[PDB]
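Novice: Dropping the structure in here first, questions after.
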Ligand SMILES: [Mg+2]
Ligand SMILES: [Mg+2]
Ligand SMILES: [Mg+2]
Ligand SMILES: [Mg+2]
Ligand SMILES: [Mg+2]
Ligand SMILES: [Mg+2]
Ligand SMILES: [Mg+2]
């Protein structure tokens, strides 16, 4: 059966019965400059997320951006 | 108002999304980044796919320029043996193949490139592209 | 192919004392002769590392009596791993049992998987006349999977040149080649 | 780890470690041997410690020929027990190794590779060692 809750995780129904789950993955926009992107991106490879695209804002050239979907826990 | 360029990349054919590294220096461009999929996948809807390199250069008033090349010897052979992926473990594991002419007709496709104006020299490298993925050449 | 080495005769000299002065005891022999001889170590080492017991070391005896010999056996100091004393068989003309090297011509199919070509014999035994010393002898290893065995009964055989050892004798195998993936069991 | 699948006598007298080897003083299977310089008792688990380090090192490839086998039981008394009262009880196996003994032999491996395997293996061992390459003397034997 389907099931909504609970905020404090331990409870949730046994893997005997459990075929679905949800990590309220947001994707976030980070302005950054220049490249911190290499460092950053990989970081967002551990706390796994999802690139859409985004854009360079104009310069300062170190002007730049990134829109990523990552699960709430990993993100924090 | 960003300075001129001399960009050195290596981008594939078809998959043309603004996703990097079509950006980290191609934003130092204001790069007309969708000009790729049009001007490039028009002449190169004749090969099919594969990484065709690109040397783009920006200038003063924020615009670009490039003249690309040709798709891998690991592509033109993959279609001529019914292969997507190579063979996992080359040298011993053969999946599909290519004849002495099917290797010659490929040098035909990538000749305005390398260095040798030979068909005897060029296809060797193509014949060298053979074992590299495990595709056998019929004697 | 065939070599030359400068033997000197020896009498009652104490073996250990020859040895002391870099010289190596020996004795040459056949149906007819049998004479106490010595040879220089370094001279013989070079010659032997090259010649082994397959070819023909010719002996520069100290009287122009030059002799054509084959090394029948070298006796080693078991401990500090040096040779101690050679034997020299003098060749005649009746065919002589001796050892001819093997050439495993080709790379097997077993390697070309990961295997190991285990060369059981790096030489064979045949009665042949001293005229015809086929200093190599080759084999078709090229057609070899893993779990593949080759026996002397194949084997080309020159002119001609009789297998001393019974044809069922095994000379070659390709074998599984370790694996850390094994082991952990 | 190696040990006689079965035997006749459970324990056996220690003996003495005198002389040089009685046999197997020459490389006779592979292309590269490890040879022994001091005499000692090499213990079932050392041989294994040494084999493994080479396999782990070759990782896939080569053959390993191990030419000592441990068939001498090695006895011990329980801790804190007193003298006498009987002979100890078997606690493992050594093989008896005496200088000039070819212990291991690797094959189908690059010279670079072998001598780094046979070298590590020799660190596992309780004695002093020398690596060697199937001469020609060893073919004359
Ligand atoms: Mg010497
Ligand atoms: Mg002990
Ligand atoms: Mg004891
Ligand atoms: Mg005891
Ligand atoms: Mg007692
Ligand atoms: Mg040691
Ligand atoms: Mg014997």
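Easy rule for this one: first residue shown is 1, then count along the chain.
Determined via X-ray crystallography, 2.9 Å.
In case you wondered, yes, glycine gets a Cβ from its N, Cα and C as well.
Residues annotated as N6,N6,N6-trimethyllysine in Swiss-Prot: B:2, B:38, B:69.
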Novice: CB neighbours of residue B:69 (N6,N6,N6-trimethyllysine) within 10 A?
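Specialist: So the number of other Cβ atoms within 10 Å of residue B:69 (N6,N6,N6-trimethyllysine) is 12.
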Novice: Sort out for me which one of B:2, B:38 has the most neighbouring CB atoms within 10 A, since those are the modified residues we care about.
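Specialist: For the modified residues B:2, B:38, the Cβ with the most other Cβ atoms within 10 Å is B:2.
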Novice: Cα distance, residue B:69 (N6,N6,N6-trimethyllysine) to residue B:38 (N6,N6,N6-trimethyllysine), nearest Å?
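Specialist: So the alpha carbons of residue B:38 (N6,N6,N6-trimethyllysine) and residue B:69 (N6,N6,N6-trimethyllysine) sit roughly 15 Å from each other.
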Novice: Rounded to the nearest angstrom, how far is the Cα of residue B:69 (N6,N6,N6-trimethyllysine) from the Cα of residue B:2 (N6,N6,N6-trimethyllysine)?
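Specialist: It is 28 Å, counting Cα to Cα.
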Novice: For residue B:38 (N6,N6,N6-trimethyllysine), name the DSSP secondary structure in the helix/strand/coil scheme.
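Specialist: The residue in question, residue B:38 (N6,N6,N6-trimethyllysine), is helix (DSSP, three-state).
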Novice: List the modified residues B:2, B:38, B:69 whose Cβ sits under 6 Å from any atom of ligand 7, in sequence order.
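Specialist: The ones that qualify number zero, so the answer is none.
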